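So this first bit is one chain, no partners, the form deposited in one PDB entry, shown in structure tokens.
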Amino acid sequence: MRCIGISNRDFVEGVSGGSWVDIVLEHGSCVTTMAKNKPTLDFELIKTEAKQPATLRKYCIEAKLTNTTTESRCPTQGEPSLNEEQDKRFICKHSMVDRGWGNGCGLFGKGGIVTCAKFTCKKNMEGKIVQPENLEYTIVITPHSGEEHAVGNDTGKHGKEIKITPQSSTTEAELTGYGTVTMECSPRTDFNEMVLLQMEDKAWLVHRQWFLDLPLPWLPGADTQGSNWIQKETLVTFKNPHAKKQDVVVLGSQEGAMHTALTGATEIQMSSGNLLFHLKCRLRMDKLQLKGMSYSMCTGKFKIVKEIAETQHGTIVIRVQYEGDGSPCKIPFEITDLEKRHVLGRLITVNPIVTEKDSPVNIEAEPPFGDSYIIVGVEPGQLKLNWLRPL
């Protein structure tokens, strides 16, 4: 009954008798499944998750150069040196400047220079290794049991949670009162050669080869030191145009640059390892059964707890409380023409039943286009509601 309220919803009906039905579950999408003399079920894909992914490589996208230090030598005085050359946190370059009398040298010539600066990463991006094997799916199956709260109940408590693993693709969940439903799901979108690149609160799924060939400073997955970066040269530039001085320049944030490069790519919503992303399944309904197909018809009177409300798909919802005594019993329900002669429209919440008089029931039905009578219960106290469904 979760689907009631969700705009991206499909009403999949299986050719009655058939022991299977094919559905496509995805994020932000709900599915309602029906079959003759079988219970109506609601399916949602709650979460997609990677179980322990290996950090392939971490790249620096924004850097900072500090501690700029220069050692020079007069012509003929040798090559200059700093310890920073040994220190891996620094990026160094040797060059030549014009030396002579007016800048401290007894001789006139090309005096050797050396400049070192501290490479500090400010923003970086991990790309975690995904294998289709360690990819888990979380499906919620909610039967149409009229349960008082069930209507668009986001919490989940009402439905049976199920995990689809590529190691355990076939799962048989026992639905309390309806029997078992075997679910056979197939992973679709390759994930073998795919890196799940994580930026900030933004993340995507990208090619292994594309990732690995980025012109940026990087660190191997294994590294948790985070001090000295491979390829600093990709963000650092040394300038000496007039042999007067050597200038060290940062290449500017690559954050927005990256977002633009990632336009064509598969964007995914991410939060604490979970990717809220086209998972195609087969449903075995042979082992499913209607709760109450052998219960007798309610004879009592019914009260209207929640007024008829129309869903975005033309369907209607009614919440009613039983005031009789026969419970557990089948609630009588009918949609007829104004002249109460023709049976019209269909019932989504098939075989509506009362379990307890105290607990109200929610019924979803598809009214016909135009005027109809929604008749819930039996005479006396028979509820005769009127509906309009314009074209």
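Heads up, when I say rigid core I mean the largest set of C-alphas that superpose within 1.5 Å between the two forms. All residue numbers are counted from 1 along the displayed sequence.
Unmodelled deposited residues between residue 211 and residue 212: none, per the record. Missing coordinates between residue 189 and residue 190 amount to 1 to 3 residues of the deposited sequence.
Legend: mean Cα B-factor per stretch from the PDB entry, 177-185 versus 291-299; the higher mean is in 177-185.
On average the C-alpha atoms of 30-38 have higher B-factors than those of the other stretch, with 344-352 and 30-38 being the two compared. Per the deposited record, 161 carries the highest C-alpha B-factor of all listed residues (98, 126, 161, 84). As recorded in the entry, 391 carries the highest CA temperature factor of 6, 391, 1, 385. For residue 362, the recorded CA B-factor ranks within the lowest third of the chain. Only modelled residues enter the ranking. Sort the chain's modelled residues by C-alpha temperature factor and residue 329 lands in the middle third, per the entry.
Sort the modelled residues of the chain by CA B factor and residue 119 lands in the lowest third. Sorting the modelled residues of the chain by their CA temperature factor places residue 377 in the lowest third.
Ranked by C-alpha B-factor against the other modelled residues of its chain, residue 44 falls in the middle third.
Form deposited in another entry: not shown, discussed below.
Once the core is superposed between this form and the one not shown, every option in 258, 243, 230, 199 stays below 2 Å in C-alpha shift except 243. Comparing the forms between this form and the one not shown on their rigid core, the Cα displacement of residue 111 reaches 2 Å or more. The two forms, fitted on the rigid core, differ between this form and the one not shown by less than 2 Å at the CA of residue 48. In the core-superposed comparison between this form and the one not shown, residue 180 has its Cα shifted by less than 2 Å.
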